[PDB]
Structures are given as structure tokens and as C-alpha cells.
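Residues in the sequence shown are numbered consecutively from 691, following our numbering.
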Amino acid sequence: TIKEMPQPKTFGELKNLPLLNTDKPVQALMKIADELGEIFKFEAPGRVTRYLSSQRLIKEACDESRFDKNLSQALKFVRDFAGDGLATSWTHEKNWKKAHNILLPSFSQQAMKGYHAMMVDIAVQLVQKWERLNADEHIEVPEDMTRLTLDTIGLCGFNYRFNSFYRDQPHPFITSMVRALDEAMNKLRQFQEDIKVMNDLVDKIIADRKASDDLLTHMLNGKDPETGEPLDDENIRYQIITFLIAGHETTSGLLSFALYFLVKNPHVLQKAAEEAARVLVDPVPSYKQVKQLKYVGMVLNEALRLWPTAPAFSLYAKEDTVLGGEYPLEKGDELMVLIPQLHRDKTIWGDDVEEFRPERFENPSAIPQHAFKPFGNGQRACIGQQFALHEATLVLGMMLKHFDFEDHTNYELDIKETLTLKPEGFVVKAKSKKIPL
Ligand code: HEM
Ligand SMILES: [Zn+2]
Ligand SMILES: [Zn+2]
Ligand SMILES: [Zn+2]
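In C-alpha cells, the structure reads:
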């Protein structure tokens, strides 16, 4: 027996569009889901989406025999500059599978071990910056995390040094990036100007490589095993842009939210700092030591639980079907996975879903399939997941070895939305524990 699905207030021809007249549309949607439950329809003029919030409905949506990745209207706007890069391609677009096969080697275990020294390079630059602040100074958390994470993918991926810690404002490329991503969010000469800046740097990266084993090596020289074709010049440049953005933005948000939760939960911070001091006995962390930071890894997952920094991903029905035994869908219908709501499903997590308890992740085998999805789903899941988590674990472990932290402003959480989530205005003071590196 068919259920009629909930839908918020409509506004004539504009349908539900005016309900997201806000700088914080994901957070607005979360409130709608709190009101309406596990599924609601959301309409705009010539656009329909179904927003899902329960693990029960989301686990069905994650059945790849039945649903494939959709390019949401957001990703459609990002495609204006990222083209048919890996994140903004259809699964059966020729360059998706092709680029996937060519670029997988760059996220192998050998690649990761290879990346570790270069991650350590940038993490050291972060710790040094904070060791070198005067007594009266404070830290702009998301701003420095963005310095760290941009520099890390730049170095590891492309052997290009943005030198973000050498500049008092964001790198040109970031300023243009935040502006294009804010445009794409709002849209739902400046936009062509932002893309100008982005694309000028891509050329500088390729040209610099022309002056002679990483992501770019593979982009430029790897051949698809299925065909022996390498990527073409246009796609490669879409990939560089893709990896530059995807490779830093969400990670910077994760490290920010993580430090936020640690300072708001000082006993959790204590427990994480004890592991860091215990494991990290050497001047910098080894690849192996980072893997030994179990509790620090649990801290990051819990942070991704509460505030998944890529808040949504979108699917379409491969055929006419029924979702949840109740809601008929037509072939092509878009389902949007509302990750922060999934992650607050009390039937999965218990009633204490707002509490920051990394101990939830102690026995990750206790977590039901499709309960925890900060990195997307299936064959289109995040290719950089291990990269992001090793980076964040490394860095957070080093922050916890080197500094005691003070929430000197009693910061009230304010989540800025671009397409990703980040704490805005998060500031702390860090007091060095005086251990050299
Ligand atoms: C904590 C940090 C990260 C989060 C939460 C995250 C999240 C996600 C999500 C949800 C998707 C799927 C998007 C969709 O279904 O439309 C995705 C895909 C992707 N991510 Fe990540 N990501 C992170 C870090 C990274 C890093 C560090 C890289 C690069 C080194 C990266 C590169 C990509 C790429 C290229 C895709 C598209 C993969 C494909 O569809 O073939 N991401 N990520
Ligand atoms: Zn398919
Ligand atoms: Zn290689
Ligand atoms: Zn049909």
C-alpha cells in the first residue's frame, strides 16, 4: 500500500524553492527533515528531489543494482569548471572509468607510504607556525587547516608548493575557489574571472612538471589497462582542478570540526593527547605510528558523524521501483542522501546522537552497513578517503603531542556552507608543550 510522501510548504510556481533562501541550505534542510521525518519531497521549477534521512531508506538507496550516482544540480554547476573530472562525471561517461583506472595506482598503499614524508613536511610547517606565535596572538583554525590541506595535496599530488604558510591572505587559487563554489551554491564577470585564476595555475603545474612519481605523473603518463589509452589534455586539466579542490576542502573542514569537538570535550581531548604522547615517541610521526593512533582515528570518524564535511550525495533510480516498500519512484528520480541526518538516526546510534563520543567507533564492525557514509557510496565513493584520514590523523596527532589548547573566546559554533561545511570564526590559543621536532 502506497504512502504519499511529505513535502514542506509550497509557494506557487516557485514550489519549495523559497524555503532555501538562506546562506545555510543544508542546515535548513536538516530542520525540514526533523519536522518531516525520513523522507520528504522537495520541488523547484523543473526540478524534483527526494531527501532521505534514515539508515533504513538510505541502505536501499546505496544498492548499486538499483541506484547510480546522480549529478546533483550542485555538481552540475561544479562541472562548469571541473568538467568530466572524476567527481563530476556520470558513471558511464567514457572518462569516469578511464580516469578511475589510470588514477587508482596513486591511492595504492605504496603511494600512501610515499606521500607520508610530504604530509609530514606540511604538518611540520603548521606546528612551527603555532610554536612561533607570540603570547598575545591566537589561531584562526579553518584558515590554517586550509593552508595545511591545500599545501598537502599540492605537494603530494603535483610536487607544487602553494607556500600557504608564507602568505597572510589565502593563495589566489583559494580566493577564486571559494567564490566559484559560493556562486554554485547561490545559483541553486566574476564567475568567469574565478575560473580564469584556477586555470592559470593548472598550466603552471603542468609546465613546471615539463621541467624534469605522484598523482600528476599518473595523470600525464598512465594508460588505461582496458585500452592502453592515456587521458587526453583537456581531461587531465579537469582532473588537476578536481583533485585540487576535492583534495583539500573537506579535509580542512574535518580537521576544524575535530579540533572544535576536542576543545568542547576536554576529557576526550585528554584521552587523545595521552595516545599521541604515548605513540609519537619520535621527532616526527612515522607511517606506522600514524596507523597506531586508534583513538585519534575514532575522534575523526565521530567528527565526520556529527558534521560530515561533504554533507550530501545524490542518486537516481535506474528503473521504475519502490523505495522502502512504500514510495514508488520513476526511472531517473533523484534521491538526495542527507548525511548529517543519517548520522543522527537514533535507531542506529541510540538516543545520545548529539554527544561527541569517539568510543562509538571502537568496534567498527558493530556499525550497520550504510549507517556511516561520510565518503559516499560504492564504486563512486571517495577515492581520497585513505589519503584524507592519514593526513588528518597525522596532523591531529602532532597537534595533540605539541600543544595544549584554550577556547579563549568560548566559541559558539557557526557553520559556514559553501558546498562543504566548516566552522566559521573558530579561533583558539595554543600553548606549546615545548617538544621540538
Ligand atoms: C574528510 C575528507 C573528505 C570527505 C568527507 C570526502 C567525501 C566525498 C564524498 C561524499 C564523495 C562522493 C560524492 C558523490 O557521491 O557525489 C567523494 C568523492 C570523491 N573524492 Fe572525496 N572526500 C574527502 C577527501 C578527499 C581527498 C583528500 C581527495 C583527493 C586526494 C578526494 C577526492 C575525491 C574524488 C576525486 C571523488 C570522486 C570519486 C569518483 O566518483 O570517482 N576527496 N568524496
Ligand atoms: Zn550503471
Ligand atoms: Zn607511480
Ligand atoms: Zn516509468
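Virtual Cβ for every residue (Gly too), placed ideally from N, Cα, C.
Beta-ladder partner(s) of residue i, from DSSP
i       : result
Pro1018 : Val1012
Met1026 : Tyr741, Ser1004
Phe730  : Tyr741
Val1117 : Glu830
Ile1105 : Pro1113
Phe757  : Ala1007
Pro920  : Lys913
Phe1095 : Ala1120
Presumed contact (8 Å Cβ cut-off) between residue i and residue j, rounded CB distance
i            : j       : result
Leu823       : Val1085 : Incorrect: roughly 17 Å between the Cβ atoms, too far for contact.
residue 1168 : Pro1018 : This structure leaves residue 1168 out entirely; the chain is present only between 691 and 1127.
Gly1087      : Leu983  : 5 Å
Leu871       : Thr1108 : 4 Å
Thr1083      : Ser942  : Actually they do not touch by this definition, with Cβ atoms about 15 Å apart.
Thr1011      : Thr1110 : Not a contact, Cβ separation roughly 31 Å.
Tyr1006      : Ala772  : Not confirmed; about 19 Å, so no contact.
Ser744       : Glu754  : Incorrect: roughly 19 Å between the Cβ atoms, too far for contact.
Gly847       : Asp904  : 6 Å
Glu1096      : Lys1124 : The Cβ separation is near 16 Å, so there is no contact.
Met888       : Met867  : 7 Å
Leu845       : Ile895  : Not quite, the Cβ-Cβ distance comes to about 12 Å (not below 8 Å), so this is no contact.
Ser1004      : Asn760  : 4 Å
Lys693       : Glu1016 : 4 Å
Helix, strand or coil at residue i according to DSSP, with G and I counted as helix
i            : result
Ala825       : coil
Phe1046      : coil
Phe933       : helix
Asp858       : coil
residue 1143 : An answer regarding residue 1143 cannot be provided, because it is not within the stretch 691 to 1127 covered by the chain.
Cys846       : helix
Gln982       : coil
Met720       : helix
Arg837       : helix
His1033      : coil
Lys803       : helix
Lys705       : coil
Neighbourhood of residue i by C-beta, 8 Å cutoff - its chain only, sequence neighbours within 5 removed
i       : result
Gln1076 : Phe797, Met802
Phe951  : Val958, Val989, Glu992, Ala993, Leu996, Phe1046
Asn791  : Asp914, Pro915, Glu916
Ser946  : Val831, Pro832, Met835, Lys1112, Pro1113, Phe1116
Contacts around residue i, its chain only, beta-carbon distance under 7 Å, and the 5 residues preceding and following it disregarded
i      : result
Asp774 : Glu783, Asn785, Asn925, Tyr928
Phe933 : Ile843, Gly847, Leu905
Nonlocal neighbours in the same chain, by C-beta distance under 6 Å from residue i, ignoring five residues either side
i      : result
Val716 : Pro1001, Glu1107
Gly912 : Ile792
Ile722 : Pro698
Does the structure place the segment 697-715 close enough to the segment 1030-1037 that three or more beta carbon pairs sit under 8 Å?
As far as the Cβ criterion goes, the segment 1030-1037 does not touch the segment 697-715, which means the pair count is below three.
Would you call the segment 1057-1072 and the segment 984-1000 in contact, with 3 or more CB pairs under 8 Å?
The segment 1057-1072 vs the segment 984-1000: in contact.
Please confirm if the segment 984-991 is in contact with the segment 730-747, defined as three or more CB-CB distances below 8 Å between the two stretches.
With a cut-off of 8 Å, the segment 730-747 and the segment 984-991 do not count as touching, because too few Cβ pairs lie within range.
Got a list of residues with beta-carbon closer than 6 Å to any non-hydrogen atom of ligand 5, in chain order?
For the structure depicted, ligand 5 is absent and the ligand set comprises only ligand 1, ligand 2, ligand 3 and ligand 4.
Inter-stretch contact (C-beta, 8 Å, three-pair minimum) for the segment 961-974 and the segment 691-703:
Under the 8 Å Cβ criterion, the segment 961-974 does not count as touching the segment 691-703, having fewer than three qualifying pairs.
Check whether the segment 788-795 and the segment 900-908 touch, using three or more Cβ-Cβ pairs below 8 Å as the test.
The count of Cβ pairs closer than 8 Å, one atom from the segment 788-795 and one from the segment 900-908, reaches three, so the stretches are in contact.
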